[PDB]
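Following PDB author numbering, the numbering of the sequence shown begins with 4 at its first residue and continues without gaps.
For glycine and all other residues, C-beta sits at the position ideal for the given N, C-alpha and C.
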Amino acid sequence: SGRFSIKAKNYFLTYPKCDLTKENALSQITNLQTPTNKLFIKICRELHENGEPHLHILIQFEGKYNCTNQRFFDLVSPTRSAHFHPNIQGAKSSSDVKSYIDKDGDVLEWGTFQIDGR
């Protein structure tokens, strides 16, 4: 009846068993346009206990972005003719992002984050 429409300032992409690198995702994500504006970009890789390679992404736009289409975050393999459909998730938190941001460790840092208000 309804449609998939997400509206949040924070968005998290999850790629299950995705052999996609942070560089490719960083380039694709970075090259990924938005109706708002891309501020900070945090890409961290994580492997599941299932032995499947997972990737984590955390971006924060200056304004609330409407992710009512899972075609924008559509990442494909630039080395293989395979497409991947990441799961878009809206962070109901605000600063909580900073908490996770602190949790560094072999990750790609792009852009500069800025918490509006205190």
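Could you tell me how far apart the beta carbons of residue i and residue j are, in whole angstroms, since I believe they sit closer than 8 Å?
| i | j | result |
| --- | --- | --- |
| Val110 | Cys47 | 4 Å |
Taking C-beta to C-beta, are residue i and residue j nearer than 9 Å?
| i | j | result |
| --- | --- | --- |
| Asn13 | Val79 | no |
| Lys10 | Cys70 | yes |
| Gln63 | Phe43 | yes |
| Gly114 | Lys41 | yes |
| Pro89 | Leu16 | yes |
| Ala28 | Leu58 | yes |
| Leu61 | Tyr18 | no |
| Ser96 | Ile118 | no |
Cutting at 8 Å between CB atoms, please list the residues of its own chain near residue i, excluding the five before and the five after it.
| i | result |
| --- | --- |
| residue 187 | Look at the range of the chain in this structure, 4 to 121, and you will see that residue 187 is not part of it. |
Starting from the C-beta of residue i, find all residues in its chain whose C-beta is less than 7 Å away, skip the five residues before and the five after it, and write them out in chain order.
| i | result |
| --- | --- |
| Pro56 | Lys20, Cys21, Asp22 and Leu50 |
For the alpha helix (DSSP H) that residue i lies in, which residues bound it at each end?
| i | result |
| --- | --- |
| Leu42 | Counting along the chain, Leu42 falls outside any alpha helix (DSSP H), though it belongs to the beta strand (DSSP E) covering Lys41 to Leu50. |
**Asked** Where in the stretch 59-113 do unbroken runs of the alpha helix (DSSP H), each at least 4 residues long, occur, reported from the N-terminal end onward?
**Response** Counting whole runs of 4 or more residues, the stretch 59-113 contains the alpha helix (DSSP H) stretches 99-105.
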